[PDB]
$ cat coords-v7.cif   # mmCIF, C-alpha atoms and all ligand atoms
data_upload
#
loop_
_atom_site.label_atom_id
_atom_site.label_comp_id
_atom_site.auth_asym_id
_atom_site.auth_seq_id
_atom_site.Cartn_x
_atom_site.Cartn_y
_atom_site.Cartn_z
CA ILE A 1 0.00 0.00 0.00
CA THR A 2 1.10 3.67 -0.58
CA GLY A 3 1.95 5.52 2.67
CA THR A 4 4.84 6.61 4.92
CA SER A 5 7.55 4.34 6.42
CA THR A 6 7.22 4.00 10.23
CA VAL A 7 8.63 1.87 13.09
CA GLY A 8 6.22 -0.14 15.26
CA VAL A 9 6.94 -2.41 18.20
CA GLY A 10 5.52 -5.72 19.31
CA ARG A 11 6.33 -9.13 20.76
CA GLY A 12 7.31 -12.31 18.94
CA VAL A 13 6.22 -15.92 19.52
CA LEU A 14 8.81 -16.47 22.36
CA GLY A 15 7.56 -13.20 24.11
CA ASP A 16 10.61 -11.09 23.03
CA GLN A 17 10.09 -7.40 22.20
CA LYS A 18 11.25 -6.15 18.79
CA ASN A 19 10.95 -3.18 16.48
CA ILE A 20 9.29 -3.69 13.07
CA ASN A 21 9.26 -1.62 9.86
CA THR A 22 5.60 -0.69 9.09
CA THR A 23 3.74 1.64 6.68
CA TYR A 24 1.14 4.15 7.88
CA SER A 25 -2.00 4.82 5.80
CA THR A 26 -5.06 5.22 8.17
CA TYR A 27 -3.80 1.94 9.77
CA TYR A 28 -0.17 0.76 10.39
CA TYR A 29 0.60 -2.20 8.05
CA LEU A 30 3.28 -4.91 8.29
CA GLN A 31 4.91 -3.52 5.16
CA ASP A 32 8.72 -2.93 5.41
CA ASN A 33 9.75 -0.46 2.65
CA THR A 34 13.42 -0.41 3.84
CA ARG A 35 14.33 -3.71 2.09
CA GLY A 36 14.18 -4.07 -1.74
CA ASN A 37 10.64 -4.01 -3.18
CA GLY A 38 9.43 -4.47 0.44
CA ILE A 39 8.53 -7.17 3.01
CA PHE A 40 4.78 -7.75 3.41
CA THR A 41 3.09 -9.94 6.06
CA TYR A 42 -0.50 -11.15 5.84
CA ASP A 43 -3.20 -12.76 8.00
CA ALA A 44 -4.66 -16.04 6.60
CA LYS A 45 -7.21 -15.99 9.54
CA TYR A 46 -7.02 -19.78 10.21
CA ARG A 47 -8.01 -20.50 6.53
CA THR A 48 -6.03 -21.84 3.53
CA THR A 49 -6.94 -19.10 1.03
CA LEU A 50 -3.71 -17.12 0.35
CA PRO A 51 -2.35 -14.61 0.97
CA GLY A 52 -5.21 -13.25 3.16
CA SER A 53 -5.19 -9.59 4.31
CA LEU A 54 -2.13 -7.34 4.73
CA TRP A 55 -1.51 -7.24 8.49
CA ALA A 56 -2.71 -3.97 10.17
CA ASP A 57 -2.88 -2.46 13.71
CA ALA A 58 -4.61 0.91 14.49
CA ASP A 59 -1.76 2.03 16.88
CA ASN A 60 1.53 0.58 15.39
CA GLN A 61 1.62 -1.77 18.45
CA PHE A 62 1.81 -5.55 17.94
CA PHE A 63 1.57 -7.09 21.46
CA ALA A 64 -1.64 -9.23 21.10
CA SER A 65 -0.94 -12.99 21.30
CA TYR A 66 -2.66 -13.11 17.80
CA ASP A 67 0.08 -10.68 16.55
CA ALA A 68 3.08 -12.78 17.71
CA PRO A 69 3.55 -15.01 14.58
CA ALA A 70 3.09 -11.95 12.26
CA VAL A 71 5.79 -10.00 14.16
CA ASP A 72 8.33 -12.86 13.80
CA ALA A 73 7.51 -13.73 10.12
CA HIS A 74 7.96 -9.98 9.29
CA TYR A 75 11.10 -9.41 11.43
CA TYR A 76 12.92 -12.69 10.53
CA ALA A 77 12.19 -12.13 6.77
CA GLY A 78 14.08 -8.80 7.24
CA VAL A 79 16.99 -10.60 8.99
CA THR A 80 17.14 -13.15 6.15
CA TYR A 81 17.07 -10.36 3.49
CA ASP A 82 19.98 -8.67 5.45
CA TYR A 83 21.99 -11.93 5.47
CA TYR A 84 21.74 -12.52 1.66
CA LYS A 85 22.46 -8.81 0.86
CA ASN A 86 25.26 -8.11 3.44
CA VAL A 87 26.96 -11.56 3.13
CA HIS A 88 26.40 -12.78 -0.48
CA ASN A 89 25.53 -9.49 -2.29
CA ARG A 90 22.13 -11.09 -3.16
CA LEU A 91 19.12 -8.75 -3.34
CA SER A 92 16.13 -10.82 -2.08
CA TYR A 93 15.44 -14.39 -3.22
CA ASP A 94 15.48 -13.67 -7.02
CA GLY A 95 18.59 -11.38 -6.97
CA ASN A 96 16.38 -8.45 -8.13
CA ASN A 97 14.74 -7.30 -4.83
CA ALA A 98 11.52 -9.35 -5.25
CA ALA A 99 8.96 -8.44 -2.59
CA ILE A 100 8.98 -11.00 0.31
CA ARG A 101 5.42 -12.04 1.17
CA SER A 102 4.50 -14.15 4.24
CA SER A 103 1.10 -15.40 5.48
CA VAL A 104 0.60 -16.48 9.15
CA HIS A 105 -2.28 -18.26 10.95
CA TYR A 106 -2.51 -20.64 7.95
CA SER A 107 -5.19 -23.32 8.68
CA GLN A 108 -6.04 -24.65 12.21
CA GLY A 109 -3.29 -26.26 14.31
CA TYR A 110 -1.05 -26.84 11.23
CA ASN A 111 2.38 -28.26 12.15
CA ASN A 112 4.20 -26.90 9.06
CA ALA A 113 5.63 -23.92 7.16
CA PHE A 114 6.47 -23.71 3.42
CA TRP A 115 7.40 -21.69 0.32
CA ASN A 116 4.38 -22.16 -2.00
CA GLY A 117 6.20 -20.93 -5.18
CA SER A 118 5.26 -17.23 -4.52
CA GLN A 119 5.28 -16.64 -0.72
CA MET A 120 6.01 -18.04 2.75
CA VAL A 121 3.19 -19.69 4.65
CA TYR A 122 3.25 -20.45 8.46
CA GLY A 123 1.00 -22.68 10.52
CA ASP A 124 0.41 -21.92 14.23
CA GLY A 125 1.24 -25.56 15.19
CA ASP A 126 -1.09 -27.73 17.35
CA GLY A 127 0.54 -26.28 20.57
CA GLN A 128 2.14 -29.69 21.48
CA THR A 129 4.29 -30.75 18.46
CA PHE A 130 4.82 -27.05 17.46
CA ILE A 131 4.13 -23.43 18.38
CA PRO A 132 3.75 -20.84 15.55
CA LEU A 133 6.57 -21.83 13.15
CA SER A 134 7.65 -18.21 12.34
CA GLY A 135 9.03 -18.18 15.97
CA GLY A 136 12.17 -19.97 14.61
CA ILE A 137 14.68 -17.77 12.69
CA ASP A 138 16.21 -21.00 11.20
CA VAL A 139 12.69 -22.08 10.06
CA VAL A 140 12.05 -18.67 8.38
CA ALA A 141 15.49 -18.66 6.65
CA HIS A 142 15.09 -22.38 5.69
CA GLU A 143 11.83 -21.63 3.81
CA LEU A 144 13.08 -18.40 2.11
CA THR A 145 16.19 -20.37 1.08
CA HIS A 146 13.85 -22.72 -0.89
CA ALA A 147 12.94 -19.55 -2.88
CA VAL A 148 16.70 -18.81 -3.43
CA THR A 149 17.25 -22.45 -4.59
CA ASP A 150 14.17 -22.39 -6.91
CA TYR A 151 15.49 -19.18 -8.62
CA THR A 152 19.10 -20.52 -8.92
CA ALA A 153 20.07 -24.27 -9.12
CA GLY A 154 16.34 -25.24 -9.35
CA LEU A 155 17.16 -28.57 -7.52
CA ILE A 156 14.17 -30.93 -8.13
CA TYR A 157 12.42 -31.79 -4.81
CA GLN A 158 12.93 -35.57 -5.11
CA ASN A 159 15.67 -38.14 -4.26
CA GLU A 160 19.30 -36.82 -4.08
CA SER A 161 18.66 -33.40 -5.73
CA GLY A 162 15.75 -32.96 -3.26
CA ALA A 163 17.96 -33.99 -0.28
CA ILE A 164 20.52 -31.33 -1.44
CA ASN A 165 17.59 -28.84 -1.76
CA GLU A 166 16.63 -29.57 1.91
CA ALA A 167 20.31 -29.48 3.08
CA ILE A 168 20.85 -26.04 1.43
CA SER A 169 17.77 -24.74 3.34
CA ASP A 170 19.12 -26.26 6.66
CA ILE A 171 22.66 -24.89 6.01
CA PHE A 172 21.52 -21.32 5.16
CA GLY A 173 18.80 -21.42 7.86
CA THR A 174 21.59 -22.22 10.40
CA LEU A 175 23.99 -19.53 8.94
CA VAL A 176 21.17 -16.88 9.22
CA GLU A 177 20.57 -18.03 12.84
CA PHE A 178 24.36 -17.48 13.44
CA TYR A 179 24.23 -14.09 11.57
CA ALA A 180 21.40 -12.89 13.95
CA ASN A 181 23.59 -14.46 16.72
CA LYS A 182 20.86 -15.11 19.40
CA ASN A 183 22.17 -18.37 21.02
CA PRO A 184 22.69 -20.00 17.57
CA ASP A 185 23.14 -23.78 17.15
CA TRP A 186 23.49 -26.52 14.49
CA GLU A 187 19.98 -27.89 15.22
CA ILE A 188 16.81 -27.14 13.15
CA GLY A 189 13.59 -25.83 14.73
CA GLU A 190 14.55 -25.98 18.47
CA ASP A 191 12.68 -22.64 19.14
CA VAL A 192 9.29 -23.90 17.83
CA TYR A 193 9.43 -27.76 18.06
CA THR A 194 7.81 -29.62 21.07
CA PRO A 195 7.49 -26.51 23.35
CA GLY A 196 7.27 -28.60 26.61
CA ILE A 197 10.36 -30.87 25.97
CA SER A 198 13.85 -29.27 26.52
CA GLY A 199 16.76 -29.42 24.04
CA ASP A 200 15.19 -31.50 21.18
CA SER A 201 14.71 -30.26 17.57
CA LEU A 202 13.44 -31.41 14.13
CA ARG A 203 16.95 -32.25 12.87
CA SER A 204 20.61 -32.00 13.88
CA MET A 205 23.40 -31.03 11.42
CA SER A 206 26.15 -31.91 14.03
CA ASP A 207 24.58 -35.39 14.71
CA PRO A 208 21.75 -36.16 12.22
CA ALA A 209 21.46 -39.75 13.66
CA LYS A 210 20.39 -38.16 17.06
CA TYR A 211 16.89 -37.97 15.37
CA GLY A 212 17.30 -41.08 13.12
CA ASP A 213 18.69 -39.29 10.00
CA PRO A 214 21.59 -40.97 8.16
CA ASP A 215 25.11 -39.45 8.52
CA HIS A 216 26.77 -41.64 5.79
CA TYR A 217 25.81 -42.36 2.13
CA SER A 218 25.83 -46.15 2.87
CA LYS A 219 22.85 -45.54 5.29
CA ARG A 220 20.77 -43.50 2.75
CA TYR A 221 16.99 -44.03 2.35
CA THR A 222 16.18 -45.41 -1.16
CA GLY A 223 12.35 -45.85 -0.78
CA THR A 224 9.49 -43.56 -1.92
CA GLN A 225 8.32 -41.86 1.36
CA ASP A 226 9.13 -38.09 1.84
CA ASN A 227 9.69 -37.69 -1.98
CA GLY A 228 12.57 -40.28 -1.70
CA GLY A 229 13.73 -39.08 1.75
CA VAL A 230 14.46 -35.38 0.99
CA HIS A 231 14.15 -34.61 4.80
CA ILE A 232 16.08 -37.85 5.68
CA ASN A 233 19.03 -38.04 3.24
CA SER A 234 19.57 -34.24 3.92
CA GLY A 235 21.43 -35.51 7.05
CA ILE A 236 24.34 -36.83 4.90
CA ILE A 237 24.89 -33.37 3.33
CA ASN A 238 24.13 -31.50 6.63
CA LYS A 239 26.88 -33.59 8.36
CA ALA A 240 29.39 -32.78 5.53
CA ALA A 241 28.61 -29.00 5.89
CA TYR A 242 28.88 -29.19 9.72
CA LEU A 243 32.31 -30.97 9.31
CA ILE A 244 33.53 -28.43 6.68
CA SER A 245 32.63 -25.55 9.11
CA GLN A 246 33.41 -26.95 12.57
CA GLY A 247 35.74 -29.94 11.79
CA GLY A 248 35.82 -33.37 13.45
CA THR A 249 36.48 -37.10 12.93
CA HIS A 250 33.57 -39.09 11.46
CA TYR A 251 33.84 -42.82 10.70
CA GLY A 252 37.56 -42.37 11.36
CA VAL A 253 37.98 -39.57 8.73
CA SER A 254 39.36 -36.29 10.22
CA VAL A 255 38.26 -32.86 8.84
CA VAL A 256 39.95 -29.51 9.65
CA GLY A 257 37.17 -26.90 10.03
CA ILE A 258 37.43 -23.68 7.96
CA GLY A 259 34.55 -21.84 9.78
CA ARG A 260 30.95 -20.75 8.95
CA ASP A 261 31.84 -17.81 6.57
CA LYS A 262 33.89 -20.02 4.21
CA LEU A 263 31.20 -22.77 4.46
CA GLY A 264 28.62 -20.15 3.41
CA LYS A 265 30.79 -18.67 0.61
CA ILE A 266 31.53 -22.18 -0.86
CA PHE A 267 27.93 -23.52 -0.70
CA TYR A 268 26.51 -20.12 -1.92
CA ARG A 269 28.90 -20.29 -4.90
CA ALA A 270 28.05 -24.00 -5.58
CA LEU A 271 24.28 -23.23 -5.39
CA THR A 272 24.45 -20.19 -7.71
CA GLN A 273 27.23 -21.19 -10.20
CA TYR A 274 27.50 -25.04 -10.45
CA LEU A 275 24.43 -26.99 -9.15
CA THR A 276 21.62 -27.92 -11.65
CA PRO A 277 18.05 -29.25 -11.17
CA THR A 278 19.33 -32.93 -11.40
CA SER A 279 22.55 -32.60 -9.28
CA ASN A 280 23.20 -35.77 -7.19
CA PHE A 281 25.40 -35.98 -4.04
CA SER A 282 28.60 -36.78 -6.03
CA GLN A 283 27.85 -33.75 -8.31
CA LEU A 284 27.48 -31.62 -5.14
CA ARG A 285 30.93 -32.91 -4.08
CA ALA A 286 32.34 -31.71 -7.48
CA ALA A 287 30.44 -28.32 -7.27
CA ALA A 288 31.74 -27.62 -3.71
CA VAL A 289 35.39 -28.64 -4.51
CA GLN A 290 35.33 -26.33 -7.62
CA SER A 291 33.62 -23.51 -5.61
CA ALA A 292 36.42 -23.89 -3.00
CA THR A 293 39.13 -23.89 -5.78
CA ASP A 294 37.56 -20.83 -7.47
CA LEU A 295 37.66 -19.01 -4.10
CA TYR A 296 40.87 -20.33 -2.40
CA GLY A 297 43.03 -22.29 -4.92
CA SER A 298 43.32 -25.97 -5.92
CA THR A 299 45.99 -26.75 -3.19
CA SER A 300 44.14 -24.71 -0.45
CA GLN A 301 43.18 -26.14 3.00
CA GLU A 302 39.63 -25.05 2.04
CA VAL A 303 39.58 -27.57 -0.90
CA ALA A 304 41.32 -30.21 1.34
CA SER A 305 38.58 -29.90 4.07
CA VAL A 306 35.70 -30.12 1.46
CA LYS A 307 37.21 -33.42 0.17
CA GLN A 308 37.73 -34.77 3.75
CA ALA A 309 34.09 -33.95 4.71
CA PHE A 310 32.53 -35.64 1.60
CA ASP A 311 34.88 -38.69 2.13
CA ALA A 312 33.73 -38.89 5.81
CA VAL A 313 30.02 -39.20 4.72
CA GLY A 314 31.00 -41.70 1.93
CA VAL A 315 30.26 -39.35 -1.00
CA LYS A 316 32.92 -39.73 -3.73
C1 LIG B 1 7.73 4.62 0.18
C2 LIG B 1 8.05 5.03 1.49
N1 LIG B 1 9.22 4.81 2.07
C3 LIG B 1 10.17 4.15 1.35
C4 LIG B 1 9.93 3.71 0.02
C5 LIG B 1 8.67 3.97 -0.55
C6 LIG B 1 10.97 3.02 -0.70
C7 LIG B 1 12.17 2.80 -0.14
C8 LIG B 1 12.45 3.21 1.21
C9 LIG B 1 13.70 2.98 1.82
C10 LIG B 1 13.91 3.39 3.10
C11 LIG B 1 12.86 4.03 3.78
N2 LIG B 1 11.67 4.29 3.24
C12 LIG B 1 11.46 3.89 1.96
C1 LIG B 2 4.32 0.44 27.53
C2 LIG B 2 3.60 -0.64 28.06
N1 LIG B 2 2.30 -0.82 27.88
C3 LIG B 2 1.64 0.09 27.11
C4 LIG B 2 2.29 1.20 26.52
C5 LIG B 2 3.66 1.35 26.76
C6 LIG B 2 1.54 2.13 25.73
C7 LIG B 2 0.22 1.96 25.53
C8 LIG B 2 -0.48 0.86 26.10
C9 LIG B 2 -1.86 0.65 25.92
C10 LIG B 2 -2.47 -0.42 26.50
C11 LIG B 2 -1.70 -1.30 27.28
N2 LIG B 2 -0.39 -1.16 27.48
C12 LIG B 2 0.22 -0.09 26.90
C1 LIG B 3 6.75 -2.12 25.51
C2 LIG B 3 6.09 -1.13 24.75
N1 LIG B 3 4.79 -1.14 24.51
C3 LIG B 3 4.05 -2.16 25.04
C4 LIG B 3 4.63 -3.19 25.81
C5 LIG B 3 6.02 -3.14 26.03
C6 LIG B 3 3.80 -4.24 26.34
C7 LIG B 3 2.47 -4.28 26.11
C8 LIG B 3 1.84 -3.26 25.35
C9 LIG B 3 0.45 -3.26 25.10
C10 LIG B 3 -0.10 -2.25 24.37
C11 LIG B 3 0.74 -1.23 23.88
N2 LIG B 3 2.06 -1.19 24.07
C12 LIG B 3 2.61 -2.19 24.81
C1 LIG B 4 -2.81 -27.89 3.44
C2 LIG B 4 -3.55 -27.10 4.35
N1 LIG B 4 -3.74 -27.42 5.62
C3 LIG B 4 -3.26 -28.63 6.05
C4 LIG B 4 -2.52 -29.49 5.20
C5 LIG B 4 -2.30 -29.07 3.87
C6 LIG B 4 -2.02 -30.74 5.72
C7 LIG B 4 -2.26 -31.11 6.99
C8 LIG B 4 -2.98 -30.25 7.90
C9 LIG B 4 -3.20 -30.57 9.25
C10 LIG B 4 -3.84 -29.68 10.06
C11 LIG B 4 -4.29 -28.47 9.52
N2 LIG B 4 -4.17 -28.15 8.23
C12 LIG B 4 -3.50 -29.01 7.42
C1 LIG B 5 1.05 -13.23 -2.62
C2 LIG B 5 2.07 -13.74 -3.46
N1 LIG B 5 2.63 -13.04 -4.44
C3 LIG B 5 2.18 -11.77 -4.64
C4 LIG B 5 1.17 -11.17 -3.84
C5 LIG B 5 0.62 -11.95 -2.81
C6 LIG B 5 0.74 -9.82 -4.10
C7 LIG B 5 1.28 -9.11 -5.10
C8 LIG B 5 2.31 -9.66 -5.94
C9 LIG B 5 2.92 -8.93 -6.98
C10 LIG B 5 3.90 -9.51 -7.73
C11 LIG B 5 4.29 -10.83 -7.44
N2 LIG B 5 3.75 -11.56 -6.47
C12 LIG B 5 2.77 -10.99 -5.72
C1 LIG B 6 27.49 -49.95 5.49
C2 LIG B 6 28.68 -50.28 4.80
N1 LIG B 6 29.82 -49.63 4.96
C3 LIG B 6 29.86 -48.59 5.84
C4 LIG B 6 28.71 -48.18 6.57
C5 LIG B 6 27.52 -48.90 6.36
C6 LIG B 6 28.81 -47.08 7.47
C7 LIG B 6 29.96 -46.42 7.66
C8 LIG B 6 31.14 -46.81 6.96
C9 LIG B 6 32.37 -46.15 7.13
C10 LIG B 6 33.47 -46.58 6.46
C11 LIG B 6 33.34 -47.66 5.57
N2 LIG B 6 32.20 -48.30 5.35
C12 LIG B 6 31.10 -47.89 6.04
CA CA B 7 18.79 -23.72 15.17
CA CA B 8 11.04 -28.66 22.34
#
$ encode --input "coords-v7.cif" --output "structure tokens"
Amino acid sequence: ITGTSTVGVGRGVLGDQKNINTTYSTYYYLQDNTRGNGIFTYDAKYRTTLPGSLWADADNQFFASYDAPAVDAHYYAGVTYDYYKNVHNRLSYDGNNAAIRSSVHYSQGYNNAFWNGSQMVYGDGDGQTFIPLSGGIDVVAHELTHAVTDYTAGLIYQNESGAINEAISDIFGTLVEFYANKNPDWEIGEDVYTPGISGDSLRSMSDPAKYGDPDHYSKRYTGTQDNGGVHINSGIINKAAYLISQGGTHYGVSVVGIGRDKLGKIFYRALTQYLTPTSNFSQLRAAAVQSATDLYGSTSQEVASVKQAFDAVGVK
């Protein structure tokens, strides 16, 4: 909507106070004009018709419990936009400042969040398995990263390309969590998964097997469930990225860590310059090694650590 840029305040899903970029025109809208072609957040009103109505408050104050998911979808979309722009010189998900649109309160008790091809969509969770899924900065960045993938490599959401698609979302979700720097970790979804059980999460990148996900190619799921295990086999690639960043010994293979920034630079380069819709795990190995060479040289530690990490998870 046309109006003047303002700054509201409200509380997120975890009860934390934050400032939000709004637009005033009779009401104050969750429309952030400070970032590209804007960030817009909508109310789906417990229905599945999208996007619903642009989010408004009469007083620029967003402290109602009903507001909480809208505040976090809006604010964490802005963090994610800041990460891609400041770190990778990428302007929104398409590289041309596309408007970021999010809908919250999607359906009734819906334990999921997704990129629908045009926008982000967040359930409120059933209150037991999940609380409103926009409460997790890694969840928000994971979903927006599907948009980045779809506009770049275009990795098909099935089998090994789909498992890489998921792993890129987990990797960049985790690097955005670290960029915001609010008690970051290598787990996925800890802020919104099983509210009343301490220190569990959807997935672990440091120890995928902690939640039954494979951490070696030999252990990969080959059946048809989960589009050929896109959320399962992601563990193999998540473990490789963890090892590249943080180092370790895994099935007796030792990896010297090169840190999060170089992990991000290498996988960002692989995603945007080398991966294709049909890339399999071995092709990801090749893309990452080349990305590391491009950036650091063919005899660099950085290239050595990428090779070590893929060897450790049995990906040649
Ligand atoms: C209308 C109102 N405010 C804005 C725009 C359009 C566009 C960009 C922008 C950047 C920073 C702050 N305000 C605006
Ligand atoms: C700090 C804390 N609570 C408030 C304000 C500022 C301003 C207005 C208001 C209106 C109703 C309830 N609480 C507040
Ligand atoms: C800081 C600032 N404003 C507020 C709060 C805290 C808490 C509640 C509230 C309710 C209505 C209006 N403003 C506030
Ligand atoms: C589209 C829309 N809503 C849903 C689904 C898909 C799948 C499951 C589900 C469970 C509870 C509430 N809504 C949904
Ligand atoms: C949901 C999803 N995409 C959109 C909107 C709402 C509204 C406007 C618009 C304009 C260009 C591209 N996409 C959208
Ligand atoms: C089946 C077969 N070989 C393996 C595994 C599972 C798991 C790990 C491993 C590590 C080194 C060599 N082989 C294997
Ligand atoms: Ca996390
Ligand atoms: Ca929990």
$ closest_residue --input "coords-v7.cif" --among "A:220, A:35, A:182, A:101" --to "residue 84 in chain A" --atoms "all atoms listed in the file"
A:35
$ closest_residue --input "coords-v7.cif" --among "A:63, A:310, A:296, A:106" --to "residue 239 in chain A" --atoms "only C-alpha atoms"
A:310
$ closest_atom_pairs --input "coords-v7.cif" --of "chain A" --to "ligand LIG 4 (chain B)" --cutoff "7 Å" --atoms "all atoms listed in the file" --output "Markdown table"
| residue | atom | partner | partner_atom | distance |
| --- | --- | --- | --- | --- |
| A:48 | CA | B:LIG4 | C2 | 5.9 |
| A:107 | CA | B:LIG4 | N2 | 5.0 |
| A:108 | CA | B:LIG4 | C11 | 5.0 |
| A:109 | CA | B:LIG4 | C11 | 5.4 |
| A:110 | CA | B:LIG4 | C11 | 4.0 |
| A:111 | CA | B:LIG4 | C9 | 6.7 |
$ residues_near_ligand --input "coords-v7.cif" --ligand "ligand LIG 2 (chain B)" --cutoff "12 Å" --atoms "all atoms listed in the file" --output "number ranges by chain"
A: 8-11, 17, 58-64
$ residues_near_ligand --input "coords-v7.cif" --ligand "ligand CA 7 (chain B)" --cutoff "9 Å" --atoms "all atoms listed in the file" --output "VMD selection string"
chain A and resid 136 to 139 170 173 to 174 177 to 178 183 to 191 201 204
$ residues_near_ligand --input "coords-v7.cif" --ligand "ligand LIG 6 (chain B)" --cutoff "8 Å" --atoms "all atoms listed in the file" --output "PDB file with C-alpha atoms, keeping the file's coordinate frame"
ATOM      1  CA  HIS A 216      26.770 -41.640   5.790  1.00  0.00           C
ATOM      2  CA  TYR A 217      25.810 -42.360   2.130  1.00  0.00           C
ATOM      3  CA  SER A 218      25.830 -46.150   2.870  1.00  0.00           C
ATOM      4  CA  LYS A 219      22.850 -45.540   5.290  1.00  0.00           C
ATOM      5  CA  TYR A 251      33.840 -42.820  10.700  1.00  0.00           C
ATOM      6  CA  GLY A 252      37.560 -42.370  11.360  1.00  0.00           C
ATOM      7  CA  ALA A 312      33.730 -38.890   5.810  1.00  0.00           C
ATOM      8  CA  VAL A 313      30.020 -39.200   4.720  1.00  0.00           C
ATOM      9  CA  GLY A 314      31.000 -41.700   1.930  1.00  0.00           C
TER      10      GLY A 314
END
$ residues_around --input "coords-v7.cif" --residues "residue 96 in chain A" --least-positions-apart "6" --cutoff "12 Å" --atoms "all atoms listed in the file" --output "short mmCIF file (atom, residue, chain, number, x, y, z; two decimals) with C-alpha atoms, in the coordinates of the input"
data_model
loop_
_atom_site.label_atom_id
_atom_site.label_comp_id
_atom_site.auth_asym_id
_atom_site.auth_seq_id
_atom_site.Cartn_x
_atom_site.Cartn_y
_atom_site.Cartn_z
CA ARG A 35 14.33 -3.71 2.09
CA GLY A 36 14.18 -4.07 -1.74
CA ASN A 37 10.64 -4.01 -3.18
CA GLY A 38 9.43 -4.47 0.44
CA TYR A 81 17.07 -10.36 3.49
CA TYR A 84 21.74 -12.52 1.66
CA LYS A 85 22.46 -8.81 0.86
CA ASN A 89 25.53 -9.49 -2.29
CA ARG A 90 22.13 -11.09 -3.16
CA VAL A 148 16.70 -18.81 -3.43
CA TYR A 151 15.49 -19.18 -8.62
#
$ closest_residue --input "coords-v7.cif" --among "A:176, A:295, A:287, A:168" --to "residue 235 in chain A" --atoms "only C-alpha atoms"
A:168
$ axis_aligned_box --input "coords-v7.cif" --around "ligand LIG 1 (chain B)" --padding-each-side "4 Å" --output "lines of an AutoDock Vina configuration file"
center_x = 10.8
center_y = 3.9
center_z = 1.5
size_x = 14.2
size_y = 10.2
size_z = 12.5
$ residues_near_ligand --input "coords-v7.cif" --ligand "ligand CA 8 (chain B)" --cutoff "8 Å" --atoms "all atoms listed in the file" --output "VMD selection string"
chain A and resid 190 to 201
$ residues_near_ligand --input "coords-v7.cif" --ligand "ligand LIG 1 (chain B)" --cutoff "12 Å" --atoms "all atoms listed in the file" --output "MDAnalysis selection string"
chainID A and resid 1:7 21:25 31:39 97 99
$ write_last_selection --input "coords-v7.cif" --atoms "C-alpha atoms" --output "short mmCIF file (atom, residue, chain, number, x, y, z; two decimals), in the coordinates of the input"
data_model
loop_
_atom_site.label_atom_id
_atom_site.label_comp_id
_atom_site.auth_asym_id
_atom_site.auth_seq_id
_atom_site.Cartn_x
_atom_site.Cartn_y
_atom_site.Cartn_z
CA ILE A 1 0.00 0.00 0.00
CA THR A 2 1.10 3.67 -0.58
CA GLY A 3 1.95 5.52 2.67
CA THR A 4 4.84 6.61 4.92
CA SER A 5 7.55 4.34 6.42
CA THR A 6 7.22 4.00 10.23
CA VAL A 7 8.63 1.87 13.09
CA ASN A 21 9.26 -1.62 9.86
CA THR A 22 5.60 -0.69 9.09
CA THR A 23 3.74 1.64 6.68
CA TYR A 24 1.14 4.15 7.88
CA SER A 25 -2.00 4.82 5.80
CA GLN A 31 4.91 -3.52 5.16
CA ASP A 32 8.72 -2.93 5.41
CA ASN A 33 9.75 -0.46 2.65
CA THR A 34 13.42 -0.41 3.84
CA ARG A 35 14.33 -3.71 2.09
CA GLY A 36 14.18 -4.07 -1.74
CA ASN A 37 10.64 -4.01 -3.18
CA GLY A 38 9.43 -4.47 0.44
CA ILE A 39 8.53 -7.17 3.01
CA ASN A 97 14.74 -7.30 -4.83
CA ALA A 99 8.96 -8.44 -2.59
#
$ atom_distance --input "coords-v7.cif" --atom1 "CA of residue 257 in chain A" --atom2 "CA of residue 311 in chain A"
14.4 Å
$ closest_residue --input "coords-v7.cif" --among "A:52, A:162, A:212, A:12" --to "ligand LIG 5 (chain B)" --atoms "only C-alpha atoms and all ligand atoms"
A:52
$ atom_distance --input "coords-v7.cif" --atom1 "CA of residue 286 in chain A" --atom2 "CA of residue 223 in chain A"
25.4 Å
$ closest_residue --input "coords-v7.cif" --among "A:19, A:283, A:103, A:159" --to "ligand LIG 5 (chain B)" --atoms "only C-alpha atoms and all ligand atoms"
A:103
$ residues_around --input "coords-v7.cif" --residues "residue 166 in chain A" --least-positions-apart "4" --cutoff "9 Å" --atoms "only C-alpha atoms" --output "count of residues only"
11
$ closest_residue --input "coords-v7.cif" --among "A:180, A:144, A:50, A:155" --to "ligand LIG 5 (chain B)" --atoms "all atoms listed in the file"
A:50
$ atom_distance --input "coords-v7.cif" --atom1 "CA of residue 160 in chain A" --atom2 "CA of residue 280 in chain A"
5.1 Å
$ residues_near_ligand --input "coords-v7.cif" --ligand "ligand LIG 5 (chain B)" --cutoff "6 Å" --atoms "only C-alpha atoms and all ligand atoms" --output "ChimeraX atom specification"
/A:51,101,118-119
$ residues_around --input "coords-v7.cif" --residues "residue 57 in chain A" --least-positions-apart "5" --cutoff "7 Å" --atoms "all atoms listed in the file" --output "number ranges by chain"
A: 27-29
